[PDB]
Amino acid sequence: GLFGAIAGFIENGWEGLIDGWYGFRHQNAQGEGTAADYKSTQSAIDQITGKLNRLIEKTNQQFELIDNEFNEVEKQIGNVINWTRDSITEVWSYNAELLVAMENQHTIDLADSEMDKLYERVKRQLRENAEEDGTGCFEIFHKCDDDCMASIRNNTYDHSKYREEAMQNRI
């Protein structure tokens, strides 16, 4: 993808992550746990569904029969009719191929971007209390128990409250 997260500096996905598209996997003294972030996941689902809803639109234009399967119409007008229909077919096959290719590129790229926003949001949540390891993890330079991890996930982490210790550990 264009944002070099998914299939990028995060080397792979989590097959045990069955409760969301993106999430946090933390480790502290009580061990490790994994939970999904609802807000980021729902944005992607909402954008992809809008894409789907465009494509499942019913088109209310009627076309009627203009040649004949039981009694073939006159040859010349028939060749013009077949030539036109094949020309139109050439056009719609192109449009279908291109549409899906483009839409797939954007869908993949769209999922990649939303991950990066989650990562960067959290990085700015942690401020000066952590450093990025380059694989999607934040090494936390202070003791962070399960309530502390939970506080980053639901955006109640106050960086100042732990500021003295995290800094106290980085130098």
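If you superpose the two forms and keep the largest set of C-alpha atoms that fall within 1.5 Å, you have the rigid core. Each residue number is its position in the shown sequence, starting from 1.
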| property | result |
| --- | --- |
| Farther-lying stretch by C-alpha RMS in 9 other deposited structures of this protein (rigid core fit) among 158-166, 9-17 | 9-17 |
| Stretch farther from the shown model on average in 9 other deposited structures of this protein, with CA RMS computed after core superposition (107-115, 52-60) | 52-60 |
| Between the two ranges 65-73 and 29-37, the one averaging a larger CA B factor in the entry | 29-37 |
| Selected stretch [higher average CA B-factor]: 117-125 or 104-112 | 117-125 |
| Position of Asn60 among the chain's modelled residues by C-alpha B-factor, lowest, middle or highest third | highest |
| Cα B factor band for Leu52 (lowest, middle or highest third within the chain) | lowest |
